[PDB]
Structures are given as C-alpha cells and as structure tokens.
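Here's the structure, in structure tokens; my notes come after.
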Amino acid sequence: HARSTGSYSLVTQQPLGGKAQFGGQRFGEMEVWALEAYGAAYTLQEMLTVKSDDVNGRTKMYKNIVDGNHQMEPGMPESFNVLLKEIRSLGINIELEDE
Amino acid sequence: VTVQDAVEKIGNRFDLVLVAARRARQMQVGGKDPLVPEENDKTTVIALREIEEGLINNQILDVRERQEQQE
Amino acid sequence: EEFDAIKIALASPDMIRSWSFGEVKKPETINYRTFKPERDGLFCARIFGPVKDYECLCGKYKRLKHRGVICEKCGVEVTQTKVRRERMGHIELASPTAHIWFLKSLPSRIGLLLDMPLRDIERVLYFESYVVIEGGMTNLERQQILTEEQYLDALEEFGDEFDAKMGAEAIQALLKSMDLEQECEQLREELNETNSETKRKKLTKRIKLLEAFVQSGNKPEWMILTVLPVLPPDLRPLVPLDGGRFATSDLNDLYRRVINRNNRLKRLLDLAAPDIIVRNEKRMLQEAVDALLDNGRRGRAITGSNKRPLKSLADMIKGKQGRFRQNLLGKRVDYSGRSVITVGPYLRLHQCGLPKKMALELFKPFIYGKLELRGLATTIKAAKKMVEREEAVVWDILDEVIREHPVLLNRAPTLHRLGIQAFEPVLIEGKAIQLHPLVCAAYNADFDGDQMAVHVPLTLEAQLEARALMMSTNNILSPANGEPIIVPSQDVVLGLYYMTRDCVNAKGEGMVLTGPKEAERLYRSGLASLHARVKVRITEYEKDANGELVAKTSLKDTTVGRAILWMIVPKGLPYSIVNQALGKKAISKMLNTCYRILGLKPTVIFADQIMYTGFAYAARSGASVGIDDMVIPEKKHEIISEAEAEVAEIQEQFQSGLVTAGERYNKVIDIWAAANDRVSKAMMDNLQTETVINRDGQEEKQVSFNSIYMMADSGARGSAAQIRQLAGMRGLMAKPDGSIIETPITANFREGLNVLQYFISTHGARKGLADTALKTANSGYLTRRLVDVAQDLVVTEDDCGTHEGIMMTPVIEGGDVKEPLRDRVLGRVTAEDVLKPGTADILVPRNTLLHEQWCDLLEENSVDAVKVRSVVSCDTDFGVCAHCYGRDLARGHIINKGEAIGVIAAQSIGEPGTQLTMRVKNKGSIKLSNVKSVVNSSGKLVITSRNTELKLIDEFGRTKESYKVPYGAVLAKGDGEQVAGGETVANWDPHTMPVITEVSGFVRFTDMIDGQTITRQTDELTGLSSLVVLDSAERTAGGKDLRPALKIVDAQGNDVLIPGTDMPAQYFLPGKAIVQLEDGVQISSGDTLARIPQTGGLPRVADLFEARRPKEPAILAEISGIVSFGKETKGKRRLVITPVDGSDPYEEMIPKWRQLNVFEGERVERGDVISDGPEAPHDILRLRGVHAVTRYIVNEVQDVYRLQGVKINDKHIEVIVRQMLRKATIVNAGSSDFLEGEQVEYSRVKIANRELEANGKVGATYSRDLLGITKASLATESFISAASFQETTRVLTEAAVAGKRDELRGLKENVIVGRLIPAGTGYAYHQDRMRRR
DNA sequence: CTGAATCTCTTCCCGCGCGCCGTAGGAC
DNA sequence: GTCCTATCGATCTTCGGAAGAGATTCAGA
RNA sequence: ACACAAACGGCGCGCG
Ligand SMILES: [Mg+2]
Ligand SMILES: [Zn+2]
Ligand SMILES: [Zn+2]
C-alpha cells in the first residue's frame, strides 16, 4: 500500500488510516524516539507539521513543490488546538504565553 | 555520493547540514549558481560537493551575503 | 505565530463567559426531518458558526464580499465555516456544581483545604447530610457536618443562631469564608509547636498547598462550577453513519442529558417544588455532570443500550487512547507506504530497491513540477491526467526526480535509532521492497514475511539531514557499543569460512604462484582446488608513523582461496589475518580492526566486496546438508545402556533403603549428566575428526568438511547444543515446574522421538513461547518509562569544571576478574593525572580522553584502578557537559555539543532488555581488608572483624580476587602469603554463626545465670545434655533481667582487660549458644563455641530502576558509634548506637527475627551491615550516596546483562542515574525562601546557592534524593511531559492548583507544539534563537 | 498519635489485514 | 405504514485479577 | 465558482 496525498479525518486533520480507505501510514510513537536519537530536527518538524497536521502548511508545501522550492512554513499542528479546546472545555483555564 | 569526510572540514555533523542547506537554497531558487561543476546532480548533492572540497564554508558564506548587499 | 510558554489556571466564571459566544438552551441537535441544525441547541449556527463554506443558512449573503454582517433572519455571521470548529459555547447551571477531580484527587484538594475527609464532604455535596456554619452562637460549629435529623432537631433547639447548608453551595460558602492567608500563618505557628512527626507531615502538606494557592492567581471558590463550557460542535462531530441514522456521539449525548437534567430542575425551581424533590434533583444534576467529566470515578458508570460505558471528556485525553498517544506523539503521515521486504544481493550498501508502483504514487507532487517545468502539462489536472497514463515520459521524469533523492525505511517496532536509516533508491518492476542483506541484520529483519514502512523527506533540510546522518554508510557502528553492527550474515560468513579452510591434499596442490592474479585463473580453470595448499608471492602495505603507506613483498605458504580473497582486501592490512580459516569470530574482529586502521570510506566499499564474494563462492561450494551428514556415534547406545544399568542400581539401593529418595533422584540425574556429556564428547569429537586423507601416499587426519560441522564450527548458525540434540541425545528435560524428569530424552532427532518423550518436550517449547509473549509486552512498557525520564538530558556544556570523578575497576567476582578494566575505561576522561607505576610520576594528564592507545599503554603498566569524571558528577546546569560524557559510541571521537544523549541511553538499554527472561582457587599473593583478628593457641590467625574480606594479588603487582571471610573464621593465610589453588583460604563455618572468646583465660559463668538464662537442653539420645543460652524474645522475664554474657577470668577474678582498655571482655550472648566448656575451663584468644542458624532477569532490572525498597531489606548501621540494647524486645527490638563524640543518644527500632552482627558493645561505623539481605538504595544514597550508589546500581544491572553476555556500555546507565537523583531535599533556612524543610530539583537549588554564597549569604543545606524513574518522571517540573506520560488527571490537578507555567524545556514539549526540538540540528537554531533574547 | 491490617484508582509492546455493528415506546 | 416523541434506569449471566502507594482505622501504650 | 467525496466507536480472528 502507498499514498502520496489524500483526504483527512474531520475530528482531526490527520490523514485517514488503512488500506480500505486510502489512508496513510502511521508514524509510530517509538519511531519518533529513534528519529529523536539522531540529531535531525527539521525532518521531524516536517514530519508532523507538513505531512500530518497543518492544513495551511501542507497546502503551501504542495504549491512550493510545484514551484520546486522544497521549503516548508513552520505552521502549528492543528490537533494541538483540539487538545487545548478540550482542556479548556474542562474546568481548567489554559493559555499560550507570548513572552 | 556518501560524504563521511566533509564533516572533518567543518568539524560538526549538525553544522555541516545546517550550513549546506543555507547554501543549497541559494542554488535552488536563490540564484548564485553552483561553484563546483554539474553532473546532472541535485542541489543538495551539488552544495554538499562544494563543502566536500572545503571550497564553501560558513565563514565564506557570511562574507558572501554581507558584501553582496551593497546598494 | 510567536509564543514561548504555556500557563495553567482555574477559570473564574466570567472567563467562561469571555470564551462564550452564546448560551445553549435546548437539549436538541438537528431538525431530524430535514437536517438543519437546531437553533439555540447543541448545534445552533449563530452561536458557533455557519455550516457551509462562508454563507448562512438563510442565504442572505453569498460571497466573501459580504464579510462582517449578521443576518437578522437567522443571525449567524457570514464567515468561514472553520470558525464553527473554533468558538465555544457556555451553559448556565441551575445551581453551583462541584468539579470532581479536585474532590476526588487521591489527596482531596477540597478536602485538604477544608481539612475535612473526602468521605464526609461527599455527604454534604450529595445533600444527604448538613454542614453547619456560623454556629458559634450555640453548640453548633464553624463547619461541623451533622445528620439531617440532628439538624432538624437543632432547628427545634435554635431558630437562626446558625446556618446549615448542603451541596456545592455549602462547600463554596466555606471556601469564601476562609481567611486563607491568616489560616496559613495560623497553621505555621502550629507547626512550630507540633511535637510529633506524623502530625508535622500532615501539616506541612497543608501549608505548602495554601501558600502555593494564594501565590497563584487561582481562588478556591472558582472551583465550584456555576457556568459550564461546551466543546465546539465540529470537534464533537455527528457523522451520518447511515444518513439520518447518525453514529452515536457520546459527548453530545452527555450534554443532552445534562441540559435536559438542567431544564427539568429549572421548571421545578420556577414552580417552587417541594424541597425534598428539588434536593434530589440537585444531586441528579451533580451526578450527570460528574459522569460527563469522568463517567466511572463515581460509584457507577452510565451506559446505553449497547452496554458499553460512555466515553467521558477525560477519556479522550487520558491514557493509551488519549490525544497524547493517539495523535500528538504519533500520527499518520502522507507520502508514506508499506511494503513486504526482499533481499537484493546486487545492491550496494547505500542503495535500496523499491517498486515502481509505490514510487509513481509517492512523488506525484514532484512529478507535476517537472512536467510543468517541462511544460508538457498545461495545468495540475492535466499533469495528474497524464500520470494516469503511466506513459514512458512519466517514467523518464520519475527517474530524473529520483536521481539521488534519499528515502527512509523503518521496520516495526523500532528497537533503536539504527532501526531507521536512509537509503538511495533504485526502481523495481515487482512490488516488494529490496534491502541490502548486511543492513537488514541490523534491522533484525527476518524474511518470513516481515513488512516495512517507507517515508520520503520533502525539504532541502530534511534531505541533507537524511543523507548526512541516517544514510547507511554513516551507521556502521552500534551506538550501544562502539562496535561494528555490520558483521556479515550466516551465508556470507560460511562461504568465506569454507573458502578459508585448508585441505591436507587437493588438486593442484604444491605449486608456487607469483600472486593472486594467476591464483584466480588457476582455480577458474579448475586446475587447482580452492582450499588446496600452495606457496605464493604477495605484496602488502604498512602505513608509517604518520600514515604513509609503503609496500613490502614476500612469499607465503597458504591455501588458494586465501590468496584470491586477499585481492578483495584493500591496502594497509597484514596478510596474516586472512591466512587462516575465517569464521564469524575472525571476520568480526578483522573488519572492526580494519576500519580503525583505514577509516570509514575504505570500510564501506570493503564490506560490499566481502558480501559479493561470500555469496559467489558459497554457491560454488555447494554447501548443502543431508541426512547422511548427521553421523551418529555408536557409543550413544553403549553409554545409554551403560548408564541405564547404573541408574537401576541406584533405584535398587533405594529399594534396599540404602539411600533417600532425593539422594536417589539427584544421583540418577548426575549419572545421566555424565552419560550425556560422554555422548557429547564422542559425538562432537568424531564429527570434527571425521576426515582421513592421503597425501603423496600414507594417510593423515584433518578437520572434517562435514556440512553440519562447518555450519556450527563457522559460527554461521546453531551451537554445539543443537548438534548434540540432533546427533546425540535431546538430553535431560524438566516439567513446567522446573523439576527435571528423572529420565532424560535419550533419543536424538536423527532417529525419531517416542511419543512420551516428544510429549515431554512440549512442556519446554510452549514455556519458551509463553515467556516470550509476555516478556515482549512487559519490556515495552518498561522502555516507555525509560524514555520519558531520560529524554530531558542533553549535552550543552563543554566542561562543567569538576576535577572530581569516580574510580573504575574490573568486576572481581567468583574469585578473580570477570571483565577487563581495559574495555570500561575506554573512551572516558580522567579526573586526576594517572600515577605512573612507582610513585610520584604521572603517566597521563588529568583530563585526557582515554582512547585506545593510552588504554593499551595503561594496561601495559601495572594499573589496577583509575579515576574518571562522570555525567552524574557533571556540574552542568539544565544539561550535561561534553567532557563528562567523552567518546560517542557511534563516532569514536568526542561528542558534538547539542546532542540529547538521554534517548540514546534509554534505547540502548531498551533493545537488549527484550532478550532477558521473565519466566583458594589460583596462584597469587594474599591481602586482607576490613581486618581485625587475633592469634589463637594453635598458632593461626582468627578473625574478630565482622566484615573481613580476602583479596589476592598477581605477582605482577596487580590485584584481582575477593572473598568474604566469616566473623570468627580462622585464616589459613597470613603475611600476605604466596598461595596456589587448593591451599584453601580459611577454616570457616558456612553453616552457623560463631561466638568467639577473643581474650585468653578461663571461660566462666560469671553473670551467666543457670535456669533462667542458660538451660540444660535434653539433647535426646546424646546421653550428655548441654547448657544452652536462650533469647530475650523467647525466655522468661529472667532471661531479660539477668542477660548472660560469656566472660573470661584471670588472676584478677575478671578477664584481663580488653587489650589496651580496662573494659570487661564479656561477650553478651544470644540464644541457642551451646556451652559445655563450662565455668572454669581454659580458653585462648579467638576461640569460639557457638553455632547459631542463619532471581530472574527483566523483573530484577525493572524494580531496580524503580528503586523499590526490597520486600525485607537488610538492616544497616549509621553514625560511627558503639552499640547497646535498651528497650527490651516487644514487637521491635531497640538498639542504641552511641558515637563517643557529639550525638551519643541515637537509637533505633529493629525487628526481632533478624540476626545481628553486633550485640551490646561493638564499635560500628556508618552503613555497616547489621544483617545481610537486599539493601534499599535510598539508604545507600543517604549514607554515602552519589559515587557509592552509582557503582552499586551500575554493578547490579550490569550483572544481569553480563550474565547474558550483552555488551551494554555502562555510561548509558549513568544517564538514568542522573535523573534518579535529579531531585534534592533541603533542611535549612539557608538564606533563600525555600521552606525550612523542602524538596527541590537539584539544578534550581544548586544555582541558587551559587549566587547566594557569592553574595556571602548562608547557603541552604540539602541532601540529594532518590526517585524511582516512574516516580521521578511524574515529579518532573514541565507538567506537559508528565501529563502526556500517564495518570494524566493526577498531574493536571497538580498544575491546576499551582497555576503552573511551563517554559517548554526538553524534547517532549517542543515535539508536542511541533517547533524545532533542541536536537543536534535544531539545537543550533534554538541556541541562536536565545542569542536573539 | 502507633500499629498493621486493612484499605482503591493508576498500568498492562508497535503497527497491519479482513468480517460485523451501533435509544425506547406508540395514534389500531 | 409512516411518523412522532421523552426520557435514560431497576432485576435478570455473574464472575471471569492483580501489583503498588494515600486515606482512614483497628489495638494501647 | 474554476472545486470536493465518503471512518466515529467497539468485537473477533489472525501477522512479524
Ligand atoms: Mg519476520
Ligand atoms: Zn442567514
Ligand atoms: Zn561535566
């Protein structure tokens, strides 16, 4: 099975899963540790932001590839927002700090 | 190609990649054509070759950009 | 956008309103007949946002141009639908409502504040018991709870001299009533008085909480919910599973219940329903909310008709299914694929083969760009349209695109960073992905069907990252140990092994060849056999003192195969290494040494040629295996028959009664053990010996060319055990209980088993599978714990500044060494200059990187131990210094700054853990330690010390041996005597504990009382009956009162003084000591008369890291003082240890059953074993921790793997230890606002003292604390990481009350938010980013 | 305020392939 | 038949396991 | 108007 591009789940913008649906491979949690073991970071950043969880970045990435730039914009993982909302949906007040 | 040698010139694995990427984007879309000859390689390798010679380096890159700004 | 920290807080009610964009009124969702969202309901458009694109439901507007207007007909703003997923709504609660977590956190936050137990306040909350307030006017109370009837009768007693309340209202009122700041100061005053520790700890918890609470921006009254937020609907989608028959959506369902529950209460409030009904309603409302949050923390979870518990809000966050594991720390990624694996011999090491089908898909965005760069595609859709063709031009472009693009391949589950590596692709017509054989071994790939996953790096930076680091050529060395992981395969090694072997006589043998060139030709023509013996001329190169390679030529006698193989060998390597049979052993070190001598670039190409050659001649060898190959020794039957006869004698002798059943049993198995071994001797010796050959006449013997022997002998596969089973006997076997069946499996496999024999074997086989199944599951959960705690550590400093360090020795156990000091000191840095052999001369600088030659130089000298700096000793702040870590296993040279070692260490340990299981002797000179001894009347030295050790020297002057010599044991060796094996060390009592008459004189019963303290035991048949001492814990009160002591006497009427001191020499006695050398008998110094009576892998390492106090720890001494008894044994026995200076009145409570290494007057020092048994690491830390406990822990874990022969580098363990004691405890006011008795993270206190003492102000006195990794991780300061680890709710609450702010230090935090982690590449950017600060 | 013998909500390798399968009660 | 409508919570096939630390809790000292 | 497409949650069986 192989997928270059495809739809994304509603509840979380991450790609669909499996073969029946044209889902993408899951980058396992342990494998991230392996990546972390090596000093590479840009790969990891691209891995989650561009390839998994940023509507804006991946779309812009899509164009850049057609533009031959092969450059990504940092973006921000969407699912993180989902978590923040849920936590904020609890009795907890949670915020992002600028300074 | 496989380098395992250019790292000696710059002296660090991480700096090698970081500096190389800085140069690579120049030849990618930034202009400033490759200094080393071309063998239908890709800019990542081409820039990698430039450091592999010790021809390009961070200090030269720092000089290259600042002097270019001019008018 | 720019941000740097996350903060946690409790939302004041207005804050919820601030988030709100509308009150959700109606408990309905959609117009079920035509599915509009329900206005004012759980999906109201105007509250949340438009359902479609940019337009409202009433269609007042239809373009972006209309941005920024409500539509009066249906309200909702004309805006992007995405806003629908973002904005939140609020609910108005009919009554104050309690948030459960704060109620039922294991330490009840509300309860602790109230100082009222969880169970009691629950009554008030649920409206089943009243709490009275303002009752000081009467017998009533500030906050006393009372029965409803108690309250109702109290109402008869008092009209309104009080107030009694129920539910959250009462709780919130009590919170509001708190003069919270004064309460803490009021409690602070109490602490000063508190005279008992159990009270103090309870108190300390409360004040700290209150101080934190007030200092935070939180206020307790907010905790009681009055307004409630509801998640944006899109985040709680209701998918039409089957059109109108939508899939269940629990959160909506819970909301539905609450809203309806709320409304119904509202109605009665409107109607002013009778009090009892509404009271119940209030609880039912609380119940629903309680369920909504947790749905299971309450007495009973609620469930639908499907009979499954509904998923509460917390569920989506907590645990394995939570967001952290489900989405954040691992996620599905586009441009990925999975394939089945295959081996491509033709591939070079850096290359990998993949199928065109996957490749065509994976690079579509790249293809489109090239097409439009080609201009062949007018537009993207046209490009996509052409790709559908799979036209030739597409393949041409695909080749151009893929021309050098690196790619990522990973097996699952990954063991370590070697588990993922980068490759350059080549295109394949089939569908499997082709892998280089040498690499796959590192991947642990077995081609029985293993799948593999592929990912493509997109950007310039990633491509360089992949090529620079991950590319296979870079990763020849293991990081767990700086050793080649590339050692060839079973087949590759065997073919070379066969090639390198020699034949005594062979075709073409005995010629002289100028060099390999003609050797290859001669073999190729078949005029000479591969392993035929031959004389050859050869040239080889030596690299000079600087490295310049110069040639020498010489003639050699060799076998032909060696010469041809030499052609593959590059220059600079001596021919001798290959002039021998090459098993995996020889190849392993040959390749390893080759790389170090020649470097990496020749090595990688050298490996490929080795791989190619091995396959080629393995095929030519025709190294097949057949049943005839398995020669069986005839002795098998003979020994079996011989052994059987003897076993029959043992059984008959047992029938005769001549032997017990156990002795009968164990003797039989010993007979079998000898029989099996003799079979192994015959079987193994024959197979290797099996070749007799003629050489120019006459015959000679040589190692056999048998297929089976070659496979095992080469080391390619199997072991001597396998062949012993197949050719010899399957041997002794045991039940699942581990008991050995009293008859072994005499049958081999070449001949079939009998039914029962085979049935017996099933027990063992399944057990092995069973263990593996659970082990693999258990080990993973261990690794997860490891990674979390370890992740934080990073090398950031060059030098920390310490001149201190730990000292390294070879493990000296089971007598002499069991490991070389050479291997351990390698790659480290000295702490002090090495003292040269002799004295005062220094051999190595104080901080030299102890690389190979110096280590060789050191071992060349007479060194026994050396002192080295360590990561634990590293003084770095928020990290580690490079010099403390020293060499990198995967690079040979010192580490590059900015690398997170912690993950490396965790993974290094993680992989090998899977391999665990879950189901005088020599020459030398003598030396003693912990020595105290006296000489007896027999002219030999006997030990008075209670912890004496024996150690021996090798007459080179280096010492490697150790043993424990029991207290009272007689030393056979003094003087540091020279000794040899069999000259046994000592006369000692391994059965029982002695008591020694250390002084010389007459042993008397002076103050030894007959009957009450020493009693004549009957002794049964002995005829003689012996006086025996009895213990305090067993004897009458007289035993306590008249406690006997063995006292000697001389002319004074009392024993001559304890040598040098006038104290009586009476030896205070325990029970069960038997005396028949009764009063008045002669005795000499050191004589004794008393004899008093005395697993697995993965779990052992597991609890060790968690540092659990053992089930029953050994009892150890503390303080340097003399011991004494008084608080007579009743439950615990009490002993006083009195240091003669300063702190005499120290005493402890001790269990009765433990044996004691001291009784009443022994002078003992800190940490001395009062009894043996497992030590609690914490106390080791407490006594002499940092260096000592490190060495203890390091040795303990190393033993597990050293048992398994797994070469884990110790330095990784030091990394774990760093975290284990990253915490510290303060007991001091110091000159900083740390609580007088406080627990802190070490770095924060360390730097605080740096500035505080630099100011001349009193630094606080602290001790460093031991936390189990699980406990340590949860205690970490960056709550986000801990929150993601486990027990989420207990963590969040901790942050909540604290209102903590996170600076997102470490990897996990950065990973979650997705910004560049401070790893090698990312660290440089992050380092510069702070430079902007 | 000491003592165990009592006490309950955490956790239980990583991924993959099919198959099935999801509120109750009623105008008669 | 189609379509409307209001709660949802008792008694039945339940028990099918168990390591580890904060309350609350058994015996006086 | 130059543009989306069919997964939410469980259970069983297998896989390395
Ligand atoms: Mg396999
Ligand atoms: Zn409208
Ligand atoms: Zn250091």
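All residue numbers given for chain C refer to Swiss-Prot; the residues shown span 15-933, 952-1126, 1135-1373 in order.
The header says electron microscopy, 4.2 Å.
Heads up, the Cβ atoms here are built off N, Cα and C, so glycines get one too.
In Swiss-Prot, the feature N6-acetyllysine is assigned, of C:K531, C:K983, C:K1192, to C:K983; the remaining candidates carry no such note in the record. A gap of 69 Å separates the Cα atoms of C:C898 (Zn(2+) 2 binding site) and C:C88 (Zn(2+) 1 binding site).
Most Cβ neighbours within 10 Å, among the binding-site residues C:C70, C:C88: C:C70 holds that distinction in the structure as shown. The Cβ of C:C814 (Zn(2+) 2 binding site) lies under 8 Å from the Cβ of C:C888, C:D889, C:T890, C:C895, C:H897, C:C898, each on the same chain and at least six residues away in sequence. Comparing Cα positions, C:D462 (Mg(2+) binding site) lies closest to C:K983 out of the recorded positions C:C70, C:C72, C:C85, C:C88, C:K983.
In terms of Cα distance, none of the binding-site residues chosen from C:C70, C:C72, C:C85 sits within 10 Å of C:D464 (Mg(2+) binding site). Sparsest Cβ environment among the binding-site residues C:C72, C:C85, C:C888, C:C895, C:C898 (other Cβ atoms counted within 10 Å): C:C72.
According to DSSP, C:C895 (Zn(2+) 2 binding site) is assigned to a strand segment.
DSSP classifies C:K983 (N6-acetyllysine) as strand under the three-state reduction. C:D462 (Mg(2+) binding site) has a Cβ environment of 6 other Cβ atoms inside 10 Å. Rounded to a whole value, the Cα-Cα separation of C:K983 (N6-acetyllysine) and C:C88 (Zn(2+) 1 binding site) is 93 Å. For ligand 3, no neighbouring binding-site residues occur among C:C70, C:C72, C:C85, C:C88, C:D460, by Cβ distance under 6 Å.
Taking Cα separation as the measure, C:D460 (Mg(2+) binding site) is nearest to C:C70 of the binding-site residues C:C70, C:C72, C:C85, C:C88. For the binding-site residues given as C:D460, C:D464, the lowest number of other CB atoms within 10 Å of the residue's CB is seen at C:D460.
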